[PDB]
Structure formats: C-alpha cells, structure tokens
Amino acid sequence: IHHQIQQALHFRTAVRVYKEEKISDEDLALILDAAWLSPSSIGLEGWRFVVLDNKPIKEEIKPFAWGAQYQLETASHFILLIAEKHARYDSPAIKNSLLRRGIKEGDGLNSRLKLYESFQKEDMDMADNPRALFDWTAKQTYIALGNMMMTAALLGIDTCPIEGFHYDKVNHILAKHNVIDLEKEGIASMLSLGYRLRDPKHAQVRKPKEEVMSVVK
C-alpha cells in the first residue's frame, strides 16, 4: 500500500491539456462519492459538487477564467465546488445540520447552538463577517477537493484544481443559468478531470521537506 500511495502522490500533477478520452461513469461516481463522504466542520455539509457538462456555460465562463482555459476546452469532466453563504450559528443551515444528525429538543439542540455561537463569535472570530463565514464553508470544500484528486490519482485519472477565475463574474453567469442561487451560495473552486494529453514539461517542485514538516518533541 505504501508504494501504491507513493505512486499516486507522484502521479498527481496539475494538467491543463487533456485527451479526448472520457472518464467512465463508474470512475466519475467514485470520485464524487469521495467528495460527498468527506468530513465537513460540524457536519454542516454546506457544499455542492456540480458536474458541468453544458458546453455553452463553459464557453461563457472561459473569458473570465485565466487559470482554466485549456481545461475547460479539453477536460473529460469539469466539476464546480460550491459553498454555502451566511452559514451563521443562528441560520437554518446550521439548524438543519443538527436535526439531520438526530439532535432535537432545544436543550440538546439549543445547547449545541450555544456552543456554535461561541465557536463563530470567539473561537474563529467570524460570526459577524459574511466573507469569513463564506471563506469557512469554502475551506471545507478543499477537503473534498483533496479527496477527489487522490481518488482520481489512485484510478490513474488526471486532475487540476482551479482558483484562477473572476469569482463575481463566474458567480453571476452561474446564477443566471440557475446553476446556483447567489443569495444562498457561491463558487469556491473548480476541478478538471481527464487523461493528460502528454507528460508534464517540468518535474514536480516543492520546498525542501524540512521547511514544511517538523516535529515538536
């Protein structure tokens, strides 16, 4: 399993140009299962993963997506990662995550809601800052993003994680096609999936591992 994992870690690279060859529906389903089963802080699951097969919408997004030109053009599949806005402790979203989990009264539910108020007001210092609340739900999607990429790599499928686009212009294109509801949510990132047209030009580059990892004994 070590050699296999290590092989997947070195196989995953950010590829921009893909083969025409399409990912099977079974491989695609596995990848999305990895997203769906990902853990999210407080089990909120304030996120959605959208397979964008619609070619006109891709064409509309393209001029606003500097980091995604070739991927939007060539990728087998293109996934949008959406995060919930305004997921404040006193929101229905949060209210609904407790019920889902089998929490009820308002003395087991209003109790944990007391903790979530403390968590957002004090612990993470974000309750009264909508951008920070959005950035918090958006962070959970990066967990699913890593899970999808690792699953992909273990299947020999290439990916590219993408932030290189104008967020507000992409959000409005998505809202106008009713792909998202801009009141409730906004895009966090994009992920392309496919088979690389060719081997990467330059080798994998990272900081020396000592500048990144360490032990405090």
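Numbering starts at 1 and follows the sequence shown.
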Average Cα temperature factor in the PDB entry - higher stretch of 152 to 160, 55 to 63: 55 to 63
Average Cα temperature factor in the PDB entry - higher stretch of 15 to 23, 196 to 204: 196 to 204
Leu30 by Cα B-factor - lowest, middle or highest third of the modelled chain: lowest
Chain thirds of CA B-factor: placement of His172: middle
Ranked C-alpha temperature factor of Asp128 among modelled chain residues, by third: middle
For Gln71, the third of its chain into which the C-alpha B factor falls: lowest
Third assignment of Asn147 from its chain's C-alpha B-factors: middle
